[PDB]
Structures are given as C-alpha cells and as structure tokens.
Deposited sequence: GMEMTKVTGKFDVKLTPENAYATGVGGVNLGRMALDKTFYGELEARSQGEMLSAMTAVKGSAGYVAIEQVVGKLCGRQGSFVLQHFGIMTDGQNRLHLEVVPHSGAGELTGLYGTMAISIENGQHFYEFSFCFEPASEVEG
C-alpha cells in the first residue's frame, strides 16, 4: 500500500539558545534546521529541533518539526514532518503530520527513515495518499 522511495539530502543545523537549562548532567539544545532533499522528493525544509544530552554516553533525546516544500514524485506541494528520537547507547520516528499535506500533496500520509553512508545523508520515504 505504501510507495517507497530513497534519495539524498543535505542538512544544515544552526545553534540557537534553549529556553530551559539542563541539570544533573543534562545539556539541552535548540537548533534551526535547513534541509534540501534530492530525487523523488525534491524539496527544501525548514524547522527546529530540541535536544537533551545526558551524562551517560550514547544516551540522548531529540525532537523536531519541519516544514517541507517541493515536489514528491512530480506532485508539487508541502507537508510537515515530526521527529522523535531516543538514543540509548537508537529509536527514530519521523512522521508526516496528519492533514499537513497541501497542494498536490493533499492527503499525504507516511513515515521517513534516514542513514548516513560515507558522510552522505540518505532518506527513505514510505508514503501514500488518503482517498
């Protein structure tokens, strides 16, 4: 039922000042996100990420929301991706926010995955359209 595509993306993450302060070995972060997707998703995104690093190695959490604008498989539109990640020594959920799809991407539903191979970021996007 899901269409499945992969491609490359670039990401730039600019530090920002976090409202709250970490205690007990926690360090909190806020970052601005700018990304460019190439291939079947040919798009630009902007958003923000929040982060919490703990005093234990490899243990951290991230969340983000990003607005994507471009083309998916030729259809011009926009949608929002919402991220939840927990690294303990990794669990990542990246989901299209329901009814965030607009333009020719109205009705979009789906989830994305990512990886990094030799410094190159890649995405997989599993998606479909609500009838």
Inset, instruction - Mind pulling out the bits of the deposited sequence that never got modelled, as residue ranges from 1? - result: 1-2, 92-93, 136-141
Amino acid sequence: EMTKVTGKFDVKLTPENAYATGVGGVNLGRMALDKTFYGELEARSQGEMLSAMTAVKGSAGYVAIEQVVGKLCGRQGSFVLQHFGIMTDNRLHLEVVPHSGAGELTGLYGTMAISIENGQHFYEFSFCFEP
From here on, numbers count along this sequence of modelled residues.
Legend entry - 90, 67, 82, 100, ranked by C-alpha B-factor: the highest one: 90
Legend entry - Chain-wide C-alpha B factor ranking for residue 35, given as lowest, middle or highest third: middle
Inset, instruction - Name the third of the chain's ranked CA B-factors that contains residue 77, choosing lowest, middle or highest. - result: middle
Legend entry - Chain third (lowest, middle, highest) by recorded CA B-factor, residue given as residue 19: highest
Inset, instruction - Looking at the entry's B-factor column for C-alpha atoms only, identify whether residue 105 ranks in the lowest, middle or highest third of its chain. - result: middle
Inset, instruction - Sort the modelled residues of this chain by their C-alpha B factor and say whether residue 63 lands in the lowest, middle or highest third. - result: lowest
